[PDB]
Amino acid sequence: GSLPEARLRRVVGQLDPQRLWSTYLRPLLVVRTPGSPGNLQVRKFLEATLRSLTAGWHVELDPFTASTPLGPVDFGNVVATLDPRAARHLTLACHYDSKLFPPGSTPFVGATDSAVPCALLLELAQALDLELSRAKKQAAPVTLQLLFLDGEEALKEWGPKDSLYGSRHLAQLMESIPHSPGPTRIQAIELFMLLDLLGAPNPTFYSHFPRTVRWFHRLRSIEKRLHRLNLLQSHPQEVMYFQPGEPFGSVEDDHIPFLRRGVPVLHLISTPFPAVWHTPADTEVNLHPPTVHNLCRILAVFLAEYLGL
Ligand SMILES: c1ccc(Cn2ccnc2)cc1
Ligand SMILES: [Zn+2]
């Protein structure tokens, strides 16, 4: 169920690293705390970019107001579903908000956390647009969904109530909406793959959920293959990212509200975290571009194999 070497090198060749970097990543690297103008502008940028894709995605916002330590705040999740008619979908997710820090420092823009995840999803959707479009026209049975969640980060301290505002809301919302066969939109998620903390040098990923280990093994195999095919940079050893064995640690994140409702999850998060995590140095200059593009190639092959593109 793997690509022939020919399909694979063509798929990798559809990626455009400058597009990823300049068209998708750079515009996100602004302060975008919930309720801010910057957050609103990034939301509108994601929406408009997704609506421009030629495949003709269904794009909708999930807006809500919630109580926070800062008083009422308005949040909005961006939900892009390629074929709303389809029974089920692979869902790829990330958070688009940036963590609020108090005034008086260099602004926190969360390059790894999660501007790079956001940009990867946009690049994958654009690079595979012709294949995705063809699949949707063929009424392919499993479509693609991209979620850009708001309010992942705590506004003032992490706990079950000041965190995950967007994902908690969206999971409850999906539970309340009928789908066919469903019976609700929660059952339409065939797999929930959450990208977080990506773009630093030397990431390490582990399988967080035995239920989904087969897909983790697929990612590891694709890393090894692309290494052997001379398609990964600054990758001097065949397995570097996808590590076998017990996880370093689990991480509370936007998958939790879905996991608790029985959705299968793969958590694609570096553990240990980037050295710059939750400091103002989590910026563009501290990203490692070759790693970002390595991950984009791994993910593009994964996506084409998962969906038969
Ligand atoms: C502790 C608690 C929660 C997290 C979740 N997280 C992920 C990205 N930024 C924050 C990480 C560590
Ligand atoms: Zn964070």
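Scroll up a little and you will see the structure.
Okay, the overall build of the protein next. Looking only at helices and strands, the protein has 9 helices and 6 strands in total. For the protein, the C-alpha radius of gyration of 18 Å lies close to 19 Å, the compact-globule estimate for 309 residues. Viewed in the frame of its principal axes, the protein has a C-alpha envelope of about 55 × 45 × 40 Å. Per-residue burial over the protein gives 58% buried out of 309 residues. At a minimum sequence separation of 6, the contacts of the protein that also span at least 24 residues come to 77%. In the protein, which carries 29 positive and 29 negative side-chain charges, the distance between the mean positions of the two groups comes to 7 Å.

The next point concerns the packing of aromatic side chains. Taken as a whole and judged by the stated rule, the model has 10 aromatic pairs. Three or more aromatic residues link up through ring pairs in this structure, and these residues are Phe64, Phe75 and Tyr165. One residue, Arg168, lies across the ring of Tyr165, its end atom 5.4 Å from the ring centre.

Glancing now at the coordination of the zinc ion (ligand 2). Taken together, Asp113 (OD), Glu153 (OE) and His278 (NE2) make up the protein donors of the zinc ion (ligand 2), found 2.0 Å from the metal. Taken together, the 4 donor atoms surrounding the zinc ion (ligand 2) define angles of 99 to 115 degrees at the centre, an arrangement classified as tetrahedral. Note on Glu153: relative accessible area 3%, which makes it buried.

All residues in the neighbourhood of ligand 1 are listed as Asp113, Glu152, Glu153, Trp158, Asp196, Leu197, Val251, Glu252, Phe273, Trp277 and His278. The contact in question runs from a nitrogen atom of ligand 1 to an N or O atom on the side chain of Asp113, over 3.4 Å. Separating a nitrogen atom of ligand 1 from a side-chain N or O atom of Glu153 is a distance of 3.3 Å. In the complex, 84% of the free accessible area of ligand 1, which totals 320 Å², lies under the protein chains.

Basis of the calculations
Residues numbered from 1 in each chain as written, not as in the entry; some residues may be left out. Chains lettered and ligands numbered in written order. Heavy atoms only, no water. Helix = DSSP H or I, 4+ residues; strand = E, 2+ residues; numbered from the N terminus. Rg over C-alpha atoms; globule rule 2.2 N^0.38 Å. Buried < 20%, exposed > 50% of the residue type's maximum accessible area, 1.4 Å probe, protein only. Contact = heavy atoms within 4.5 Å. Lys, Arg positive; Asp, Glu negative; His and termini not counted. Charge placed at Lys NZ, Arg CZ, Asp CG, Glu CD. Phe/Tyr/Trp six-rings, centres within 6.5 Å; stacked < 30°, edge-to-face > 60°. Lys NZ or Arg CZ within 6 Å of the ring centre and 35° of its normal. Donors = N, O, S within 2.8 Å, 3.2 Å for Na, K, Ca; no water. Tetrahedral: all angles 85-135°; square planar, octahedral: opposite > 155°, others 65-115°. Near = heavy atom within 4 Å. Polar contact = N/O pair within 3.5 Å; in protein donor to acceptor, adjacent residues only side chain to side chain. Areas by Shrake-Rupley, 256 points an atom, 1.4 Å probe, with all protein chains shown as cover.

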